[PDB]
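Every number for a ligand or one of its atoms is a count from 1 in the order of the listing. Each chain gets a letter, A, B and so on, in the order the sequences are listed, and its residues count up from 1. The figures that follow rest on heavy atoms only: side chains count, while hydrogens, waters and symmetry mates do not.
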Amino acid sequence: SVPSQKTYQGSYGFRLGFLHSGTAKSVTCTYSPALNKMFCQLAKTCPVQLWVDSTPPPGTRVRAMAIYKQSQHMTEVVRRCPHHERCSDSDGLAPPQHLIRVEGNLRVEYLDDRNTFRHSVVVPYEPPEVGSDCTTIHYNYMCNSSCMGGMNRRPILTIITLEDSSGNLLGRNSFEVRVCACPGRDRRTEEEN
Amino acid sequence: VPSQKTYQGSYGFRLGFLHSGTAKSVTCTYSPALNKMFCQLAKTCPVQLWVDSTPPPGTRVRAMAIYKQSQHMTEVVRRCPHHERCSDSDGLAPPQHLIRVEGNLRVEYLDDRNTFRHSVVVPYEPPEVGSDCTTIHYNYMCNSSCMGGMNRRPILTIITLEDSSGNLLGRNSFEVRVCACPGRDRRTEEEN
Amino acid sequence: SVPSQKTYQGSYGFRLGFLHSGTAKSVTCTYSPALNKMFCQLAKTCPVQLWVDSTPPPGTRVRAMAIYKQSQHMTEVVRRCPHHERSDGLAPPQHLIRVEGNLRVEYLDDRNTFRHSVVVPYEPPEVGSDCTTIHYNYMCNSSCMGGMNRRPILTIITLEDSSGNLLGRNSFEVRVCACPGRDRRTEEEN
Amino acid sequence: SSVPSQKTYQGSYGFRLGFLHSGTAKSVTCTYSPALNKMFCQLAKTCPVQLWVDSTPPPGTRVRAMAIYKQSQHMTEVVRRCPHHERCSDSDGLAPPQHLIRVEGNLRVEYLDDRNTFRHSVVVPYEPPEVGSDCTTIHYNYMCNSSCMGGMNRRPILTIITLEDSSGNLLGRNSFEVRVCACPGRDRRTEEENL
Ligand SMILES: C#Cc1cccc(/N=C2/NC(=O)/C(=C/C(=O)O)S2)c1
Ligand SMILES: [Zn+2]
Ligand SMILES: [Zn+2]
Ligand SMILES: [Zn+2]
Ligand SMILES: [Zn+2]
């Protein structure tokens, strides 16, 4: 029973935003609005903005989970390849198997689901900082889309769910992700289609 | 399904609403064209009671929500799990109840023993010196959009006037949308 | 305290136009350019034309509001008499000015001034036509005891953006009477 | 200074801008004054800008548009939409709501909030002229009026069109003044009668 990817703004008007970073040679993470697709480098900072019409209560949580986009691969759990799992890159909080990490958050929590065996990373919701109208989470993707014995060129979605302290669903959104050496070049190439 | 049929009855019982318009700042606004209240979560929703003649002593006013659509009508309207557990409690209303009355310490809440439907009842008070109607302040404690609650399904509120024994004196109804921007949503919905 | 009646064509060159109806016995509404005054019958169609040099943006709105013309009555809210206050399903019973034939009409009791107004979306002229026509109804006679009671009123037509920011304003005096043709002719002979 | 350069540069490919000879008739939604080097256009309406080159730039060449204030005392201020227009819904799903300059009819359009200057710009791939045609046309939309309180607020702006290679190296730059107004025909005629 593949986890739901259906968009749901729900009670708090929950949407995702991304920086308008462009496709310049130097860019480590870039979002294509035309493709609803993030292009990012391995282990590099991937800002995802949370936008709400109304402030969820304290103890609201934000979960990230990867699934395969293709229907024939969707029941397979998205995990790191053997090679990246054994690279000495653990930050002491993230399980070595987990594709998606959060950086800069000491309250981050990781789940190996007892029944689905799917991986996810959860942080407390904090309201926007002074200056901002959105909340930024810094994701790291710890395997390349190309990795043999991992994703192996199969496209993935990230599903961002907003939940209350009791685990009740408040909101859900999703975006395609490609983890690659040259996000700028790969975004430009994929858009020319 | 409880009756929604309009009935002015013996005392000429009608509902009135503030003529608030659709300015960005408006927290609650009524569309006469749609017979539909647009209001924000937990915010004051004035409903006016108009009578041609003063109902008898011990007259009561009940509010009850039903789903508007025929395929959802037998389902009891309640809060979503999330809002049921949230600290938005006045100490009087059951946590499950969508419709509260604010500013009335004589308010009474019912879980109907047989229908399991929720309702909130207040004593009828005649208009204040100067005024021609009685205002009740309703709060809707879930958004129309709430996942695992109304979940975008439209609802009606039914306002019934009853005597002290619970005999029907009068009934009216209006559609409700609980939303972030009532002004914008009323304007948008009227454009159709 | 009192809403502004100062004419303002503003950015879009906003002016009012009226049908050149004359003063024949049969006429239900007639405008005097010499007096800038509409003479109309109770509840009858009052065409008001909106003329613009440039098309205002989508979500532009048109508000109508009545005030008393005389300085000693200007702070009093214009409303219907008790009798007429006692059919259309949309307009509050107290409101003097209604719009007919528009399902998108919106009515306001101002929270702070207690002044009444009616607002419709601006629609551009049809291709070929030069103006937009709104059909107003006045729901009380100028003569009504316990209402306007023979006091003259102005209608103020404001053009506003979707946020309620003023784009344009015009005004015209209104007399609601049994015989607009006769009353216009009589008032002009002065 | 901080301010991005507005200096004209035809550079290696002989890069210059052209505009339609549209005139000042009542109906005209965008009109260019050669005497003033100034585009007069209506909000959200199609603004053709022609790219002329002496020699075809390589594939992966890009064309960026950016607005700056013309006056030296306002030049370090970022040109953006007013609060009012930023919140208006008419959005194409691609352009940030804050961006004054959009490109229409181009699904390969890319928008930049510069991480360090905070300046906005819109980029499209350079395509050579079609069989028959002698120049490349881009369709710009300006999403705020020159008059807008809490935006440009009657301050004149320049649009800077830069030609860059795939690596972001500058190939060419040109500029033109822009007025976004209700009546471009009338406003061009009025502004030209001054001299
Ligand atoms: C033609 C045209 C066009 C396109 C986009 C924006 C615009 N100005 C606007 N001004 C407003 O206040 C409205 C707000 C809203 O988008 O509803 S849109 C005009
Ligand atoms: Zn790997
Ligand atoms: Zn809820
Ligand atoms: Zn009257
Ligand atoms: Zn603006």
Enquirer: What protein N/O/S atoms are there under 2.8 Å from the Zn ion (ligand 5), waters excluded?
Expert: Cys82(D) SG, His85(D) ND1, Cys144(D) SG, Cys148(D) SG
Enquirer: Can you list the ligand 1 atoms lying under 4.0 Å from a non-hydrogen atom of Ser162(C)?
Expert: 12 (O)
Enquirer: Within 45 degrees of the axis of the six-membered ring of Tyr68(A) and under 6.0 Å from its centre: does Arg154(A) put its NZ or CZ there?
Expert: yes
Enquirer: Applying ring pair (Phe, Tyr, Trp, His ring centres under 6.0 Å), name anything that partners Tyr30(B), two or more places apart in sequence or on another chain.
Expert: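 Listed in chain order: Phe17(B).
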Enquirer: I'd like to check which ligand 1 atoms, numbered from 1 as shown, lie under 4.0 Å from a non-hydrogen atom of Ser89(D).
Expert: 15 (C), 16 (O)
Enquirer: Would you mind listing every salt bridge (charged side-chain N to carboxylate O under 4.0 Å, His left out) that reaches into residues 139-153 of chain A, with sequence neighbours excluded?
Expert: none
Enquirer: Residue-level breakdown please: for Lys45(D) versus ligand 1, do any non-hydrogen atoms fall below 4.0 Å on the side chain, on the backbone, on both, or on neither?
Expert: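 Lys45(D) to ligand 1: side-chain contact only, backbone stays beyond 4.0 Å.
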Enquirer: Tell me which one of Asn144(A), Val177(A), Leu99(A) satisfies side chain to side chain contact (heavy atoms under 4.5 Å, CB included) with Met151(A).
Expert: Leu99(A)
Enquirer: Check whether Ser91(D) reaches the backbone of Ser89(D) with its side chain - one donor and one acceptor, N or O, closer than 3.5 Å.
Expert: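 Yes, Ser91(D) side chain to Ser89(D) backbone: donor-acceptor pair under 3.5 Å.
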Enquirer: Considering the heavy atoms of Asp90(D), write down every atom of ligand 1 situated less than 4.0 Å from one of them.
Expert: 4 (C), 5 (C), 16 (O)
Enquirer: May I have all residue pairs that pass side-chain hydrogen bond (donor to acceptor under 3.5 Å, both in side chains) and include part of residues 119-129 of chain C, sequence neighbours excluded?
Expert: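 Qualifying pairs, neighbours excluded: none.
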Enquirer: Go through ligand 1 atom by atom and flag the ones less than 4.0 Å from a non-hydrogen atom of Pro57(C).
Expert: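 Selected atoms, number and element: 10 (N).
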Enquirer: Could you tell me whether ligand 1 has any atom less than 4.0 Å away from a heavy atom of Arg87(D)?
Expert: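 It does not; every heavy atom stays at 4.0 Å or beyond.
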Enquirer: What part of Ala44(D) sits under 4.0 Å from ligand 1 if we count only heavy atoms: the side chain, the backbone, both or neither?
Expert: side chain
